[PDB]
$ cat start_28.cif   # mmCIF, C-alpha atoms
data_data
#
loop_
_atom_site.group_PDB
_atom_site.id
_atom_site.type_symbol
_atom_site.label_atom_id
_atom_site.label_comp_id
_atom_site.auth_asym_id
_atom_site.auth_seq_id
_atom_site.Cartn_x
_atom_site.Cartn_y
_atom_site.Cartn_z
ATOM 1 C CA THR X 1 -31.997 14.829 6.377
ATOM 2 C CA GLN X 2 -31.928 11.116 5.624
ATOM 3 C CA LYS X 3 -29.872 11.096 2.425
ATOM 4 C CA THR X 4 -27.107 13.203 3.919
ATOM 5 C CA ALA X 5 -27.290 10.886 6.907
ATOM 6 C CA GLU X 6 -26.636 8.079 4.442
ATOM 7 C CA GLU X 7 -23.431 9.523 2.964
ATOM 8 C CA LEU X 8 -22.286 10.241 6.506
ATOM 9 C CA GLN X 9 -22.560 6.529 7.182
ATOM 10 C CA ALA X 10 -21.458 5.729 3.634
ATOM 11 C CA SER X 11 -18.147 7.419 4.357
ATOM 12 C CA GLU X 12 -17.308 5.945 7.760
ATOM 13 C CA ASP X 13 -17.636 2.318 6.685
ATOM 14 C CA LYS X 14 -15.473 2.981 3.625
ATOM 15 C CA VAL X 15 -13.081 4.663 6.043
ATOM 16 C CA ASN X 16 -13.328 1.508 8.127
ATOM 17 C CA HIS X 17 -12.910 -0.564 4.971
ATOM 18 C CA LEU X 18 -9.769 0.932 3.446
ATOM 19 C CA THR X 19 -8.044 1.141 6.830
ATOM 20 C CA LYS X 20 -8.209 -2.642 6.996
ATOM 21 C CA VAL X 21 -6.878 -2.629 3.436
ATOM 22 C CA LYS X 22 -4.079 -0.269 4.458
ATOM 23 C CA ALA X 23 -3.183 -2.192 7.619
ATOM 24 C CA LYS X 24 -3.070 -5.376 5.571
ATOM 25 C CA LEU X 25 -0.941 -3.730 2.907
ATOM 26 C CA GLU X 26 1.693 -2.492 5.337
ATOM 27 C CA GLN X 27 2.105 -6.106 6.408
ATOM 28 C CA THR X 28 2.285 -7.028 2.726
ATOM 29 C CA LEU X 29 5.045 -4.428 2.428
ATOM 30 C CA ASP X 30 6.989 -6.413 5.028
ATOM 31 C CA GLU X 31 7.141 -9.865 3.441
ATOM 32 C CA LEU X 32 8.393 -8.356 0.215
ATOM 33 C CA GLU X 33 10.943 -6.200 2.017
ATOM 34 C CA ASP X 34 12.782 -8.839 4.032
ATOM 35 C CA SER X 35 12.663 -11.202 1.060
ATOM 36 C CA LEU X 36 14.159 -8.520 -1.165
ATOM 37 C CA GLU X 37 16.831 -7.907 1.456
ATOM 38 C CA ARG X 38 17.343 -11.639 1.630
ATOM 39 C CA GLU X 39 17.943 -11.722 -2.063
ATOM 40 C CA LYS X 40 20.216 -8.741 -1.937
ATOM 41 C CA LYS X 41 22.386 -10.305 0.716
ATOM 42 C CA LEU X 42 22.490 -13.668 -1.085
ATOM 43 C CA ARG X 43 23.485 -12.038 -4.325
ATOM 44 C CA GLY X 44 26.165 -10.067 -2.543
ATOM 45 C CA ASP X 45 27.641 -13.199 -1.032
ATOM 46 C CA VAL X 46 27.708 -14.973 -4.380
ATOM 47 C CA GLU X 47 29.290 -12.039 -6.072
ATOM 48 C CA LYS X 48 31.911 -11.770 -3.335
ATOM 49 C CA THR C 1 -28.502 20.892 8.642
ATOM 50 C CA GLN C 2 -25.178 22.675 9.067
ATOM 51 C CA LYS C 3 -23.633 20.206 11.506
ATOM 52 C CA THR C 4 -24.149 17.225 9.202
ATOM 53 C CA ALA C 5 -22.513 19.253 6.445
ATOM 54 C CA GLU C 6 -19.267 19.946 8.292
ATOM 55 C CA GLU C 7 -18.854 16.349 9.415
ATOM 56 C CA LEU C 8 -19.521 15.333 5.818
ATOM 57 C CA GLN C 9 -16.733 17.330 4.178
ATOM 58 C CA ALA C 10 -14.074 16.299 6.684
ATOM 59 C CA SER C 11 -15.079 12.676 6.179
ATOM 60 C CA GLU C 12 -14.856 12.857 2.379
ATOM 61 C CA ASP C 13 -11.403 14.361 2.823
ATOM 62 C CA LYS C 14 -10.610 11.301 4.923
ATOM 63 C CA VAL C 15 -11.997 9.318 2.003
ATOM 64 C CA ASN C 16 -9.845 11.440 -0.290
ATOM 65 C CA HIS C 17 -6.729 11.255 1.884
ATOM 66 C CA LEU C 18 -6.828 7.510 2.422
ATOM 67 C CA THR C 19 -7.100 6.694 -1.272
ATOM 68 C CA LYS C 20 -4.072 8.919 -1.761
ATOM 69 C CA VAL C 21 -2.292 6.661 0.726
ATOM 70 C CA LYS C 22 -3.355 3.535 -1.153
ATOM 71 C CA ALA C 23 -2.319 5.048 -4.486
ATOM 72 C CA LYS C 24 1.143 5.710 -3.092
ATOM 73 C CA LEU C 25 1.476 2.285 -1.512
ATOM 74 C CA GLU C 26 0.408 0.279 -4.551
ATOM 75 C CA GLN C 27 3.237 1.447 -6.798
ATOM 76 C CA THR C 28 5.702 0.672 -4.018
ATOM 77 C CA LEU C 29 4.366 -2.873 -4.310
ATOM 78 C CA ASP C 30 5.087 -2.488 -8.006
ATOM 79 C CA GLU C 31 8.537 -1.025 -7.322
ATOM 80 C CA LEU C 32 9.363 -3.766 -4.843
ATOM 81 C CA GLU C 33 8.075 -6.566 -7.064
ATOM 82 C CA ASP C 34 9.739 -5.153 -10.169
ATOM 83 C CA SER C 35 12.956 -5.153 -8.153
ATOM 84 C CA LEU C 36 12.319 -8.820 -7.338
ATOM 85 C CA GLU C 37 13.043 -9.939 -10.879
ATOM 86 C CA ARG C 38 15.552 -7.108 -11.369
ATOM 87 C CA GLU C 39 18.016 -8.565 -8.901
ATOM 88 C CA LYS C 40 17.144 -12.132 -9.819
ATOM 89 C CA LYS C 41 18.042 -12.290 -13.509
ATOM 90 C CA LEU C 42 21.041 -10.111 -12.684
ATOM 91 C CA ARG C 43 22.013 -12.607 -9.997
ATOM 92 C CA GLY C 44 21.296 -15.482 -12.367
ATOM 93 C CA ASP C 45 23.639 -14.595 -15.210
ATOM 94 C CA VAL C 46 26.378 -13.551 -12.789
ATOM 95 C CA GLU C 47 26.007 -17.001 -11.236
ATOM 96 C CA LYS C 48 26.864 -18.535 -14.598
#
$ encode --input "start_28.cif" --output "structure tokens"
Amino acid sequence: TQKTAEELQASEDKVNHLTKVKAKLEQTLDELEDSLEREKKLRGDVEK
Amino acid sequence: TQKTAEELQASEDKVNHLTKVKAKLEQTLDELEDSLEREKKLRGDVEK
């Protein structure tokens, strides 16, 4: 009873862990994405 | 003994699903950051 009650709690915290990793990483997706778009526009202007 | 089993397997799937999300999102951070140099040295020699 106890050891399967452990892996029940050993899942939910890791669920709670990686969600904070995922929610951080979607924000990390942002500051690359606008900066890549920034570069793309700058390059386009120079080429023009 | 059966109820802790069924909440266990759905949770490990949520462990299994969320690491599939992280595995997809890490290579995007590769594909974005590899594109960061890929524009930049292409913008650099077209500058000169």
$ closest_atom_pairs --input "start_28.cif" --of "chain X" --to "chain C" --cutoff "8 Å" --atoms "all atoms listed in the file" --output "Markdown table"
| residue | atom | partner | partner_atom | distance |
| --- | --- | --- | --- | --- |
| X:1 | CA | C:1 | CA | 7.4 |
| X:4 | CA | C:4 | CA | 7.3 |
| X:5 | CA | C:4 | CA | 7.4 |
| X:7 | CA | C:8 | CA | 7.6 |
| X:8 | CA | C:8 | CA | 5.8 |
| X:11 | CA | C:11 | CA | 6.4 |
| X:12 | CA | C:11 | CA | 7.3 |
| X:14 | CA | C:15 | CA | 7.4 |
| X:15 | CA | C:15 | CA | 6.3 |
| X:18 | CA | C:18 | CA | 7.3 |
| X:19 | CA | C:18 | CA | 7.8 |
| X:22 | CA | C:22 | CA | 6.8 |
| X:25 | CA | C:25 | CA | 7.8 |
| X:29 | CA | C:29 | CA | 6.9 |
| X:32 | CA | C:32 | CA | 6.9 |
| X:33 | CA | C:32 | CA | 7.4 |
| X:36 | CA | C:36 | CA | 6.4 |
| X:39 | CA | C:39 | CA | 7.5 |
| X:40 | CA | C:39 | CA | 7.3 |
| X:43 | CA | C:43 | CA | 5.9 |
| X:46 | CA | C:47 | CA | 7.3 |
| X:47 | CA | C:46 | CA | 7.5 |
$ calpha_fit_and_write --input "start_28.cif" --fixed "chain C" --moving "chain X" --output "PDB file with C-alpha atoms, in the frame of the given file"
ATOM      1  CA  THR X   1     -27.792  19.498  11.250  1.00  0.00           C
ATOM      2  CA  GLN X   2     -24.448  21.259  10.977  1.00  0.00           C
ATOM      3  CA  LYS X   3     -22.240  18.860  12.935  1.00  0.00           C
ATOM      4  CA  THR X   4     -23.422  15.831  11.000  1.00  0.00           C
ATOM      5  CA  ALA X   5     -22.877  17.914   7.886  1.00  0.00           C
ATOM      6  CA  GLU X   6     -19.306  18.318   9.096  1.00  0.00           C
ATOM      7  CA  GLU X   7     -18.526  14.600   9.428  1.00  0.00           C
ATOM      8  CA  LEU X   8     -20.115  14.105   6.021  1.00  0.00           C
ATOM      9  CA  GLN X   9     -17.512  16.474   4.634  1.00  0.00           C
ATOM     10  CA  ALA X  10     -14.923  15.187   7.101  1.00  0.00           C
ATOM     11  CA  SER X  11     -15.219  11.761   5.517  1.00  0.00           C
ATOM     12  CA  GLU X  12     -15.106  12.657   1.823  1.00  0.00           C
ATOM     13  CA  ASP X  13     -11.861  14.619   2.017  1.00  0.00           C
ATOM     14  CA  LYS X  14     -10.219  11.800   3.976  1.00  0.00           C
ATOM     15  CA  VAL X  15     -11.599   9.516   1.279  1.00  0.00           C
ATOM     16  CA  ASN X  16     -10.025  11.890  -1.219  1.00  0.00           C
ATOM     17  CA  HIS X  17      -6.856  11.932   0.874  1.00  0.00           C
ATOM     18  CA  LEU X  18      -6.124   8.227   1.286  1.00  0.00           C
ATOM     19  CA  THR X  19      -6.995   7.498  -2.344  1.00  0.00           C
ATOM     20  CA  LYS X  20      -4.076   9.698  -3.345  1.00  0.00           C
ATOM     21  CA  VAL X  21      -2.045   7.787  -0.764  1.00  0.00           C
ATOM     22  CA  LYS X  22      -3.220   4.486  -2.237  1.00  0.00           C
ATOM     23  CA  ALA X  23      -2.618   5.521  -5.851  1.00  0.00           C
ATOM     24  CA  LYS X  24       0.859   6.663  -4.876  1.00  0.00           C
ATOM     25  CA  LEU X  25       1.527   3.436  -3.011  1.00  0.00           C
ATOM     26  CA  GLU X  26       0.600   1.196  -5.926  1.00  0.00           C
ATOM     27  CA  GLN X  27       3.243   3.047  -7.918  1.00  0.00           C
ATOM     28  CA  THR X  28       5.604   2.543  -4.984  1.00  0.00           C
ATOM     29  CA  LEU X  29       4.772  -1.160  -5.224  1.00  0.00           C
ATOM     30  CA  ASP X  30       6.093  -1.072  -8.791  1.00  0.00           C
ATOM     31  CA  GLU X  31       9.610   0.288  -8.303  1.00  0.00           C
ATOM     32  CA  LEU X  32      10.260  -2.284  -5.616  1.00  0.00           C
ATOM     33  CA  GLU X  33       8.820  -5.093  -7.722  1.00  0.00           C
ATOM     34  CA  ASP X  34      10.871  -4.705 -10.892  1.00  0.00           C
ATOM     35  CA  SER X  35      13.975  -4.029  -8.810  1.00  0.00           C
ATOM     36  CA  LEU X  36      13.360  -7.196  -6.817  1.00  0.00           C
ATOM     37  CA  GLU X  37      12.874  -9.087 -10.069  1.00  0.00           C
ATOM     38  CA  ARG X  38      16.029  -7.461 -11.343  1.00  0.00           C
ATOM     39  CA  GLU X  39      17.891  -8.758  -8.367  1.00  0.00           C
ATOM     40  CA  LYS X  40      16.371 -12.173  -8.685  1.00  0.00           C
ATOM     41  CA  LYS X  41      17.424 -12.482 -12.290  1.00  0.00           C
ATOM     42  CA  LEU X  42      20.938 -11.180 -11.572  1.00  0.00           C
ATOM     43  CA  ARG X  43      21.390 -13.611  -8.738  1.00  0.00           C
ATOM     44  CA  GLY X  44      20.162 -16.431 -10.925  1.00  0.00           C
ATOM     45  CA  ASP X  45      22.672 -15.601 -13.623  1.00  0.00           C
ATOM     46  CA  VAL X  46      25.535 -15.478 -11.144  1.00  0.00           C
ATOM     47  CA  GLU X  47      24.528 -18.727  -9.593  1.00  0.00           C
ATOM     48  CA  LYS X  48      24.251 -20.366 -13.009  1.00  0.00           C
TER      49      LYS X  48
END
$ atom_distance --input "start_28.cif" --atom1 "atom CA of residue 17 of chain X" --atom2 "atom CA of residue 17 of chain C"
13.7 Å
$ atom_distance --input "start_28.cif" --atom1 "atom CA of residue 30 of chain C" --atom2 "atom CA of residue 45 of chain C"
23.3 Å
$ atom_distance --input "start_28.cif" --atom1 "atom CA of residue 38 of chain X" --atom2 "atom CA of residue 23 of chain X"
23.4 Å
